[PDB]
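[1] Requesting a structural model of the entry that follows:
(chains A, B, C and D, ligands or ions: 3)
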There are 4 protein chains.
Amino acid sequence: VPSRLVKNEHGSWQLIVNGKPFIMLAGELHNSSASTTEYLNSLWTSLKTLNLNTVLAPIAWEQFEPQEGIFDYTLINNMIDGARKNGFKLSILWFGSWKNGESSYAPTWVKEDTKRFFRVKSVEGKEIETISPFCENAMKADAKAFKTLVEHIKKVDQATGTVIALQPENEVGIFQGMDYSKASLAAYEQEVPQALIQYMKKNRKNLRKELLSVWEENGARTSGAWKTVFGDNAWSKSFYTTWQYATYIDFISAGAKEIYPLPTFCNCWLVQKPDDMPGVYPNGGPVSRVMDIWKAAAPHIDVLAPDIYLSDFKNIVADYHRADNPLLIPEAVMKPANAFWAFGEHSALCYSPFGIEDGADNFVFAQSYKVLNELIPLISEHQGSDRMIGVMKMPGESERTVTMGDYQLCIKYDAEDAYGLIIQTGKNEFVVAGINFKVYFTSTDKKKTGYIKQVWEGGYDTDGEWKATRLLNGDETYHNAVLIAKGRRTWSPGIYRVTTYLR
Amino acid sequence: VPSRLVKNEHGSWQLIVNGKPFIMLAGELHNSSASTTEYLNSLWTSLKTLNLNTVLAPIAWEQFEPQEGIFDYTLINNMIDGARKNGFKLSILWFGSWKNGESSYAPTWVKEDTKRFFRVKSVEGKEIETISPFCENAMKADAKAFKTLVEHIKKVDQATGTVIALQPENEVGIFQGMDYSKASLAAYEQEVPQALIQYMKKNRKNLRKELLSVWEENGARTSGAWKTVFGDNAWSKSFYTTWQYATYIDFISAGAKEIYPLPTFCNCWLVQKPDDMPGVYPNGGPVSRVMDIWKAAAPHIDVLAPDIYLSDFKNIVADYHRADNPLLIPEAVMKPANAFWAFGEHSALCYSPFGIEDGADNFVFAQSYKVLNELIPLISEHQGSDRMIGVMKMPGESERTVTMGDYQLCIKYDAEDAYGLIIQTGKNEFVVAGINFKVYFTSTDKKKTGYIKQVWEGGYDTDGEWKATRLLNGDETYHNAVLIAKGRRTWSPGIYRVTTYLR
Amino acid sequence: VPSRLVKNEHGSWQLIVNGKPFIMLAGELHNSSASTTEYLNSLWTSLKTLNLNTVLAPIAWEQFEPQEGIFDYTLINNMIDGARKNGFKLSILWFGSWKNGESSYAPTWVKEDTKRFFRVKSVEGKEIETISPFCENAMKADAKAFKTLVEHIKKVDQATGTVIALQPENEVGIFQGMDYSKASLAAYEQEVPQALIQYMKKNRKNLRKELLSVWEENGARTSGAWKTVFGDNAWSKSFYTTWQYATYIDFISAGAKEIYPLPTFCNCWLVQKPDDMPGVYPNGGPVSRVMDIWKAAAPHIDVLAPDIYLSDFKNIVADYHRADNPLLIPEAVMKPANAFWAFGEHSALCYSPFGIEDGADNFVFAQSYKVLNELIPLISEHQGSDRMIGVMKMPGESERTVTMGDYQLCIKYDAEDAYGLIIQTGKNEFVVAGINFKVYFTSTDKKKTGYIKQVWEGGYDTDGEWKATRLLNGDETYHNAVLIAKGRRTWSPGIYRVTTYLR
Amino acid sequence: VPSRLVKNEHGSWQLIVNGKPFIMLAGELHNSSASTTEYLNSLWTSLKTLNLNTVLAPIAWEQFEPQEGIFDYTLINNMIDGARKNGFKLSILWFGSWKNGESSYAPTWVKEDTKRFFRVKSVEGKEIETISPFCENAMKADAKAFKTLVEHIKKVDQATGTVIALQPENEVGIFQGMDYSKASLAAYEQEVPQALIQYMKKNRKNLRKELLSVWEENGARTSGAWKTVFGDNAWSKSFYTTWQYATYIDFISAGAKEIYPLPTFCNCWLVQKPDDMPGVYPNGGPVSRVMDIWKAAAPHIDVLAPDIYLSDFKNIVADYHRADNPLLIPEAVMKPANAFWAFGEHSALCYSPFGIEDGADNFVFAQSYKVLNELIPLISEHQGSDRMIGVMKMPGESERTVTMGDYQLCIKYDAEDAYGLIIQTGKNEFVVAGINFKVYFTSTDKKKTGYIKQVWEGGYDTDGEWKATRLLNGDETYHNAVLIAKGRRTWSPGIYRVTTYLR
Ligand SMILES: OC[C@H]1O[C@H](O)[C@H](O)[C@@H](O)[C@H]1O
Ligand SMILES: OC[C@H]1O[C@H](O)[C@H](O)[C@@H](O)[C@H]1O
Ligand SMILES: OC[C@H]1O[C@H](O)[C@H](O)[C@@H](O)[C@H]1O
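    Numbers count the residues shown, from 1 in each chain, chains lettered A, B, ... in the order given. Ligands and ions are numbered 1, 2, ... in the order given. Sure, the structure comes next:
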């Protein structure tokens, strides 16, 4: 396969694409932007102006299998063609059974057969425009379509590897405490799957407090029905609903994994505010609260991926990033700081603003992606090490101090919009990227005096070779008292090589 | 003849031009803009930028017959030539005896002979710059000139049919309770024409309340002088004045109809405010109040056409549009909403902003006319059916609900300027055109649940074939909860094909 | 001579240039703009953009005769050359003895010999930077230089006639009650010249009140010294000072007139405010107060020309324009209204903004001059007749009514900046030029009704032929109720041909 | 040598470059702008737009001798090459031991050997990032590197003379009362060098009051230790610290002077406010207070050069300019007035805004340098004479009166930004350059009347020949009452030739 997840020596998961470490400097199209060849093809030049290396774009079941057993390859073919012609990799979003909780992208022939493909019912007993995750017929039909899609991708792309990941479904779940379908009501009475129980036993001290605290308040049982093991409440309802979604979607993924295994992720509509109960967000989706349930149920899903539109960026990405869950953000705001934070602080695989085609001639964002592209080798090499950090000022913060081997770095912000990353490349050498901040280097050991030795500004050329544009000194470094990450001027992030010394 | 009015199966009158249904996406030039070949010819490129299919332009008697019996074809010839070269049809306005009530376009040789062509007198006894409608000499001279014009048009245009309609005179009437000319005073004493009496008898329950109520308050007589049948008052004065105008102008039209019958309309200066008595507007013109008198008197005039500059657009067009009177608006404001309302709600033949050459690079208006042009076949096919409506928000309105077969449509406005039209093309299919509104589809029958199935955005190509630009779903339809008529973006009206379904 | 003043049948003086009536649509350069060939030549294209037919430009004595008896033809030659190449006539300003009262343009060899060329003395006894008009040596030297200049112009221009007028000196006089030079003090005691006395006798009832009232308060004597005939006061001082200037400058002109007689004018710095006594303005200059003295003394000076920078334009031009003194304005503001007023109301020979090279791309002024150029034949033909008037609104005015044969014209202003002219070309025909006003035509005789018959907008082509651009009617003339002088649109003055009629 | 300092007949020092008087119309690059060939080469076209004749640019020791005994000629070679190709001379700044007091440009191999190259110690005993001026090893290493640099310049530039001056080090000194290094503490106890004593004896009445007053308050001794001759205080500390710096740097210069003597200057960080004690500015630098110490100690340094960023420009330049110290300003603000003041009032050798590459398309500054370039021959010829002055209005000033031979000049300012210069070129002739001021010429002798005779505006062509663009008179000189230095218009300084006369 031309795309694979591989753990490095620091325990960090890396994307390896066509034999090399690859980070998705990505963007996701608006939902309807890949619905015709002509509309998509109008976008490619726009996208290139932003220095993307990867485009996230949907394939809709309703278009792909417009009558049962009849498959239309037009949109996937043109999508791969245009990606190749314009220098992009693709992550394919499968808008099948569910997108933002609902079934609006299911085929006309699925929608119209509510007997074969039964719907979620509300507490009021109303069938909604959502296929129930307890419907096995729907599971099989989606799975067959998805597999056919992936089979096709292998048949047209197994050598080039334009397609480097897959997202089955999109932000699944129900805006309800539970599905009131008869099948759902019967499932709630069943025994808790052993696979869940054993997962909880084996990984107890690393479990989500939201799961552990509910398990333990019911006596941490190793058998029983859902209401026995987890009590009769909103959480028990959320847990078995989540188990169902992860299980349905795991089967869908399994079918693809058997014929052409690519990195696979499912994305979640986040718990928007901290008191929100399941169903105010999509109940069943892979929010961090239920991460353990998804891991237990869905081993053919590699990553649980947050869609982040909220301002509390650093806390959110820290919440989703775990040893068993690399950070992968398929939908976000068009804010360069976020990118630098995700890649530098958390070794992310992907950063991707949503509706990216809208953001053409966001010059600063484009130049940010240019600089990140220059740094992909260096970032890759340091994923998971304590020698790489991000930099991102949040309102009300003024400085960040960190230890890097022999040195203490004091990062002070010169403007509200201040961001970058810092890599220690040698005992007395650092690469600093970004804008609107300063770095003071001092000695960890107080018997010694540490100082900047020399500073160069520059970039990496197309061969990956460092080229200095200036040796910064005098005013430009306050006579080596400080690194000023002023940025590249046309202002956008710069790259600075700093040597230090101890006397 | 290459232009004709024909009633379809729904009882709606259609313009059939060169064998096909035609709707005038029109504009009228400023009054003096066709007075030389050079000034007119300077306008054509401007007009094309607005996507007109039809130009309304005057021929002035004073220029056409500058000495009695001598005819100058220069302006009509160049007008037809330029229309052909720039892809426009023409409706010819005949500024003869009267324009905005007055006789300023009559030839020098008519103006200067007030014995042969006697004037209206005021109550003070003053002769004004208006030829009296009781002057038979003036009737004959105008009629002869008009016929000569039309004879010429046949001789140069009978095959191509560049000229598709005729407007004899322009907003006729007097700013007076009545003409005080001796002939006028003698006419007021005469017997009411039987043709009027019989019209009133035959069409009593469909008569204008303004006419019926006056007739019935005088005892609904079937014989007598004007003051007998209608009482001695302002209304009796207006009625016999109107009879005179319609009769004079009918004779003028009759002469043309005999040699080359084209759709013929007379236009009115509207009753500007509801209390206004005859003479505050031109007394004698085809305002809706006297529509029955004009129909009775002038069978060679096909349509009575309002000139609408007032904001109460929907009430006005509803007032002029009758089973015997299609809506045809030769003069209006340059407001796209009005166009969509007139064509969609009332199956109008014509919408035409006045001084159109001024409005070049009114981009939104131009794109509106582009979209209407795309829809002419579909609009044509649905003229007079209960499956086509207009959409136009007025201040203080928030929604419009309508029944369309099995579905209830709730139209909600997203901005003040919200307009379009809606056609049901199938039991479960709709075409929605416009901007700044949303449509919710639900089931008429409350035992059933109705929903959007699929939504496409697109347009009709030059062959008249539908071409989708996107399948709208997800954010673009709130996951098929609603049709968002956002418009085509460059914002101007869009076209959306919606399929629905019942479960 | 290729330029001459000739009185027409209405008593009006006309400029006849190369055999045809010519009106100077003129501009005067800044003072130093003709001081090198290179600076002047940089201006010609600018000037052409303003549609000038005539440029007023200086020749400075100091440059022309830089050593006594040595003459430098460079600047006059290049000036005539560039005028020819760019389609302009020239009026030559001779900055000799005096410019704005002073002698700053006299040659270095005149300035430095205050014995040979004695100065004006102040009352304090100080010699100033002004050559005394009582210095005969200075008179002769200036006269010889001026004649040499004109001799040269004949020698290079007698056939083409690029040079069409001459201005000897520039705004002469002293900022003093009188010259206190010994020669001046001796002149004040002399007998009043008979030529003055006889002029006063012969033209008594047409004399300036300022002169007559002083003469008559001293007993209207026919002999005596200045203080006898005019009393011992400021006026007597001004009169004999003025006599001296006019006499000195007449001799200068006489020398030129003998070899090559061209229209010759002297220009005055105006009495700036009504109480100002001689010497607050240049005492001796041809202000209107002393017009009779200049006429008496200086028969080789054809015209006394006001330099008008003040806002009271209509009163000023009425004050300078007399039967023996055509209106000629060599220096004015760049205001088109002023031009139309001067040419239309007062049949002026010249209108000329000062520092004209500054005003390039004053579009409105340029288009004004274009329209005047079109009208020169028609204006010429009506100079001095009661069938041509100007139009110019001043603050606080609202209308102007005039009688033109059978018609009464009511001119009503539609904006503050409203101006043009009106010519009756036939008993029932008028040409109206301008902008921002309206004209109502009614019958002089109240037994008759007068009205507009027809209105055309247009212009005169390069052959001088009228070409209509539109027949204005309907909205454009309120149905012949009024002429609307809206202007040519791109707004600037238009030309309108109006026919009228009486019934 | 192709560049040399030579005293003219007025006692003024002139730069003679390639055989001719040369004034540096200069600019200094930002500190890091000559750190790569590519960054420098990006600037040349920018610099040419400003009409510089000279660029000041650094060579950094750390780059030039990156390992001991290994020399890298890349940056000096490319610098000379680009200067030649773009028409500039160079003054080379040697950023060696010290730049703005500190040692940030010393080689890595100097910084890292604090035993061989010992640092300054603070009063707290801390070694700082400054090489001590008492370190002989550092003196020798710097001197050897500097000499190698100059040897190279001779080897590549001895014929062309692109390099016309040298600045060893940059704003030297310590932010301390004294160096607390053991060597520094031992030096403070030593005998005052005789060379200082004798200098003070010989030049007593011309000594800086700051030095003389301290010497005399300690009894004006001719022998003793520093604390004996100058007391035990801050001044004694500053004096021996300054002696040390001047001595160290003199040795560095001496090595170069032996093989290739060019004009050499050292620049100072100014006493920023009048109460500031040594160490608030760099203690040891050539501020004016210690000018005598630098002259005594450092005969191989030709000029002590102020870096002026403060608004008190006229007082500062008067303070640094002495008979033994021409004015040379290598760092200043980009303000044209300053340039005119320095060159005109004080016959400066150099005016140079800092960060000049930033100021491209400062049009006014560029045109100022154009005009100065035109005047270099005339300025050169009048350096040190009482016939050349500067003109520069400071806030709160309104006029300046000066005597120039027979004439009194009253300079009155017409705007805040008013500046230029004035040269008397003959008994009755003046050249006035500048903008926004006026000059009134009157007679020194009150028995005589002095006046402007004639005024020309113009410039010097590429051959150095005067070319008048206009003879200014009339309005342009108020009829020779005044010279108006209005400027060249596109507004920037003009050049005006004025002749005057006495009667
Ligand atoms: O723009 C809203 C956004 O909401 C979620 O993040 C979905 O995953 C996206 O497809 C889109 O609907
Ligand atoms: O612009 C005013 C307008 O008034 C009426 O509608 C007329 O029919 C038009 O010709 C025009 O006069
Ligand atoms: O601009 C002022 C103006 O004043 C007078 O009118 C002069 O005749 C002109 O030459 C000029 O000096």
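
[2] give me the number of residues near the residue of the stretch 301-450 of chain A found nearest ligand 3?
    Per C-beta to the nearest ligand atom, residue A:363 is where the stretch 301-450 of chain A lies closest to ligand 3, at 51.6 Å. Backbone N, C-alpha and C define where each C-beta goes, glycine included. Other residues within reach of residue A:363, judged by other C-beta atoms under 10 Å in any protein chain shown, total 13.

[3] That one contacts residue A:491, correct?
    No - with contact defined as C-beta atoms under 8 Å, residue A:363 does not reach residue A:491; the gap is 9.8 Å.

[4] For stretch A:301-312, buried residues please.
    A:301-308 (16 or more other C-beta atoms under 10 Å in any protein chain shown).

[5] And the strands in the stretch 301-450 of chain A?
    Ranges of strands in the stretch 301-450 of chain A, per DSSP state E, counting those that start in this stretch, are A:303-307, A:328-332, A:350-353, A:388-392, A:399-404, A:407-413, A:419-426, A:429-435, A:437-443, A:450-460.

[6] partners of the fifth one in the sheet?
    So that's strand A:399-404. Using DSSP bridges, strand A:399-404 pairs in its sheet with strand A:407-413 (antiparallel).

[7] Tell me what angle the partner strand forms with strand A:419-426.
    170 degrees (axes from the mean of the first three to the mean of the last three C-alpha atoms, to 10 degrees).

[8] Return the distance of strand A:407-413 from the chain's centre.
    The chain centroid and the centroid of strand A:407-413 are separated by 29 Å under C-alpha atoms, centre = their mean, to the nearest Å.

[9] and what of stretch A:286-303?
    Offset of stretch A:286-303 from its chain centre (C-alpha atoms, centre = their mean): 14 Å.

[10] contacting residues around the residue nearest to residue A:65 when sequence neighbours are not counted?
    Distances taken as C-beta to C-beta, 6 or more residues apart in numbering or on different chains put residue A:145 closest to residue A:65, at 4.8 Å, once the chain neighbours are dropped. Taking C-beta atoms under 8 Å, 6 or more residues apart in numbering or on different chains, we find residue A:145 in contact with A:61, A:64-65, A:71, A:96.

[11] which element is residue A:145 on?
    In this structure, residue A:145 is located in helix A:136-157 according to DSSP states H and E.

[12] Okay, buried residues for that helix please.
    A:138-139, A:141-143, A:145-150, A:152-153, A:156-157.

[13] Closest one of the buried residues of stretch A:301-312 to residue B:497?
    Distances from residue B:497 to those, taken as C-beta to C-beta, are shortest for residue A:307 (30.3 Å).

[14] Find the closest residue to chain C in the stretch 401-503 of chain A.
    Residue nearest to chain C within the stretch 401-503 of chain A (C-beta to the nearest C-beta): residue A:490, separated by 35.6 Å.

[15] For chain B, what's its nearest residue on chain A.
    residue A:31 (3.1 Å).

[16] For that residue, give me its contacts.
    So residue A:31 contacts A:58, A:95, A:99, B:473-476 (C-beta under 8 Å, 6+ apart).

[17] and those as TSV, adding secondary structure?
    As requested, the contacts of residue A:31 are arranged in TSV below (DSSP: H, G, I helix; E, B strand; the rest coil):
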residue	secondary structure
A:58	strand
A:95	strand
A:99	strand
B:473	coil
B:474	helix
B:475	helix
B:476	helix
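
[18] Redo the residues you listed as TSV? Include distance to chain D and neighbour count.
    Shown next, in TSV, are the contacts of residue A:31 (distance: C-beta to the nearest C-beta, whole Å; neighbours: other C-beta atoms under 10 Å in any protein chain shown):
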residue	distance to chain D	neighbour count
A:58	45	27
A:95	49	26
A:99	50	25
B:473	50	25
B:474	48	21
B:475	45	15
B:476	47	20
